[PDB]
Amino acid sequence: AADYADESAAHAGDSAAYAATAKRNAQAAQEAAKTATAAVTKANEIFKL
Amino acid sequence: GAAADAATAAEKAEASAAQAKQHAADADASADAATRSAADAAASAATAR
Amino acid sequence: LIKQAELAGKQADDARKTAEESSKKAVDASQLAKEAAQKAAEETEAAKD
């Protein structure tokens with residue numbers, strides 16, 4: 001049971017350790033989305049001007 | 001979310017293992033008492049003889 | 001500006017794929033953690049018996 005508890009903790013540890021960094025990819029995607037949006041916004045303002 | 005659930009499962013698993021260790025400890029206490037009882041029973045058999 | 005948006009689109013997409021892989025990994029890991037927790041639980045119940 002102790003060995004299985006450690007295995008469980010190991011799986012949880014791996015999930016959390018990866019998720020804790022993988023969530024930064026979502027943030028990176030948000031930054032990229034904002035970047036693309038900004039590029040479009042600038043393009044629209046330039047066109048109008 | 002999955003990581004959080006995994007962490008929860010790990011905490012429960014560790015708690016369960018802790019209980020299992022106590023159960024084994026209690027089982028040992030019973031086995032040790034049983035051993036002493038058998039030892040006394042043997043002494044009683046020697047006495048009866 | 002469009003080219004920059006295209007580059008931003010690419011990493012939003014690459015980040016998306018990574019995040020999706022992370023989701024699957026975290027879920028498989030949480031499934032393994034739950035199974036490990038259940039295995040610990042089964043051993044705990046065995047210890048009780």
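Residues numbered from 1 in each chain as written, not as in the entry; some residues may be left out. Chains lettered and ligands numbered in written order. Part of a larger assembly, values for the part shown. Heavy atoms only, no water. Residues with missing side-chain atoms left out of burial classes, pairs and counts.

Draft legend 1. Representation of the overall build of chain B within the structure. A tally of regular secondary structure across chain B gives one helix and zero strands. Principal-axis analysis of the C-alpha atoms places the extent of chain B at approximately 70 × 10 × 5 Å. (Helix = DSSP H or I, 4+ residues; strand = E, 2+ residues; numbered from the N terminus.)

Draft legend 2. Spotlight on the packing of helix α1 (residues 2-48) of chain A against helix α1 (residues 2-48) of chain C. Taken N-terminus to C-terminus, the directions of α1(A) and α1(C) make an angle of 165 degrees; their axes are 7 Å apart at the nearest point. Between α1(A) and α1(C), the interaxial angle falls into the category roughly antiparallel. In this structure, the crossing between α1(A) and α1(C) has a hand that is left-handed. Residues belonging to the contact of α1(A) with α1(C) are distributed by class as follows: 19 nonpolar, six polar and two charged. (Axes fitted to C-alpha atoms, helices over the stretch in contact; angles between N-to-C directions. Parallel < 35°, antiparallel > 145°, perpendicular 65-115°, else oblique. Left-handed = near helix turned anticlockwise from the far one by under 90°. Nonpolar A, V, L, I, M, F, W, Y, C, P; charged D, E, K, R; others polar.)

Draft legend 3. Inspection of the interface of chain A and chain B at higher detail. With nine residues of chain A at the contact, the number on the chain B side is eight residues. Along the lines of polarity and charge, the residues of the side of chain A that touches chain B split into seven nonpolar, two polar and no charged. (Contact = heavy atoms within 4.5 Å.)

Draft legend 4. Main features of the environment of C:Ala29. Locating C:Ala29 in the fold gives a position in helix α1. Once residues lying within four places of it in the same chain are set aside, the contact partners of C:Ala29 are A:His11 and A:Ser15.

Draft legend 5. Main features of the packing of α1(A) against helix α1 (residues 2-48) of chain B. Between α1(A) and α1(B), the least distance of the axes is 8 Å, while the angle of their chain directions is 160 degrees. Between α1(A) and α1(B), the crossing angle belongs to the class labelled roughly antiparallel. The hand of the α1(A)/α1(B) crossing is left-handed. Contacts between α1(A) and α1(B) involve A:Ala2, A:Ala5, A:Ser8, A:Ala9, A:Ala12, A:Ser15, A:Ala16 and A:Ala19 from the first element and B:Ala3, B:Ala6, B:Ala7, B:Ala10, B:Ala13, B:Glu14 and B:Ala17 from the second. In terms of residue class, the contact of α1(A) with α1(B) is made up of twelve nonpolar, two polar and one charged.

Draft legend 6. Representation of the interface of chain A and chain C. The interface of chain A with chain C comprises 16 residues on the first partner and 16 residues on the second. Counted by class, the side of chain A that touches chain C contains ten nonpolar, five polar and one charged residues.

Draft legend 7. Main features of the environment of A:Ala32. Inspection of the secondary structure puts A:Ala32 in helix α1. A sequence separation of 17 residues divides A:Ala32 from A:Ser15, and the C-alpha atoms of the two residues are 25 Å apart. Look past the residues within four positions of A:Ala32 in its chain and what remains in contact with it is C:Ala8 and C:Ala12.

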